[PDB]
Number of protein chains: 2
Amino acid sequence: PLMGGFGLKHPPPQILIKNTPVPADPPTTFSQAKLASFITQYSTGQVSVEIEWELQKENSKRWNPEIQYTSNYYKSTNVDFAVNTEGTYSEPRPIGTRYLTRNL
Amino acid sequence: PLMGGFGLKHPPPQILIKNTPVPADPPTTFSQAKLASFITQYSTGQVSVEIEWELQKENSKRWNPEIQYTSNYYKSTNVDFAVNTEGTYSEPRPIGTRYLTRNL
């Protein structure tokens, strides 16, 4: 992909879900038309997903230290990647995936 | 220890080594005195040492990133922990052992 990530020829299927429509009380006398009324409705539940990942271990002889992604040492108003006063979770900056080095 | 490290009641033994003294030519007529002359000498070789270490894996639920020891991202005159122009190896700063965090 241009956005990055993995291209796949058989991606994970997409799950589709809908409330089963519940019609309100239809009239007594038959009517040819389809039922235009329904009971306002919504549903809630829990969903769980796991992904088993495979890693390629980093095996390298570079003498000096590498570069690593690390949180700031210095004080700040409030913790990054954590909630704020009013409870709004916030992530300050994007995280690149490339730090460790490899000989071309 | 106060310097840090591990205290031990049976530390690794200390290896001691010496050139076996080689006397120069003593006189023909016997002499009571011990031999005061020797052949100037030195020896060279290779030494190898390995240490099998045990680690306590870090298992922790902290949500936000930790602090990590990482080399500078920004450019510098020359690489740290690596040789300089004239070939003098140099280590810029001490390295503490404590970064990862643990709930007291």
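Basis of the calculations
Residues are labelled from 1 along each chain in written sequence order, independent of how the entry numbers them, and those without coordinates are excluded. Just so you know, chain letters begin at A and ligand numbers begin at 1, following the order they were written in. This view holds some of the chains of a larger assembly, and the values cover only those chains. Water and hydrogen atoms were dropped before computing side-chain values, which therefore reflect all heavy atoms in the structure. Throughout, a residue-residue contact means that at least one pair of heavy atoms, one from each residue, lies within 4.5 Å. Note on definitions: buried area is the accessible-area loss of two parts on being combined, 1.4 Å probe, summed for both. Whenever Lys or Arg places a side-chain nitrogen within 4 Å of a carboxyl oxygen from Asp or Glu, that contact is recorded as a salt bridge. The term polar contact refers here to a pair of N or O atoms within 3.5 Å; inside protein, the definition further demands a hydrogen-donor-capable atom paired with an acceptor-capable atom, and it admits residues adjacent in sequence only when both atoms are side-chain atoms. The classification used treats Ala, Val, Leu, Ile, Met, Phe, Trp, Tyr, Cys and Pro as nonpolar, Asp, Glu, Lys and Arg as charged, and all other residues, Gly among them, as polar. Between rings of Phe, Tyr and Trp, where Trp is taken as its six-membered ring, a pair exists when centres lie within 6.5 Å; planes separated by under 30 degrees are stacked, by over 60 edge-to-face, and by other angles tilted. The way the copies are matched up is a least-squares superposition on C-alpha atoms.

As deposited, the entry is annotated with cryo-EM as its determination method and 3.58 Å as its resolution.

The partner chain B presents 15 residues to the 15 residues of chain A that form the contact. Here chain A packs against chain B, burying approximately 1,200 Å² in sum over the two surfaces, 61% of which is carbon and sulfur. One can count zero salt bridges joining chain A with chain B. On the surface where chain A and chain B come into contact, there are eight residue pairs in polar contact. The class makeup of the residues in the side of chain A that touches chain B is eight nonpolar, five polar and two charged.

Attention now goes to the packing of aromatic side chains. Evaluation of the coordinates by the stated rule reveals four aromatic pairs over all chains. Pairing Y69 of chain A with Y99 of chain A gives two aromatic rings, centres 6.1 Å apart and planes at 50°, and the pair type is tilted.

Superposition record for chain A on chain B: RMSD 0.0 Å, screw rotation 180°, translation along axis 0.0 Å. One copy is carried onto the other by what is essentially a two-fold rotation axis. It is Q68 of chain A whose C-alpha, among those of chain A, lies nearest the rotation axis, at 3.4 Å. A shared interface surface links the copies, since 100% of the contact residues of chain A are contact residues in chain B too.

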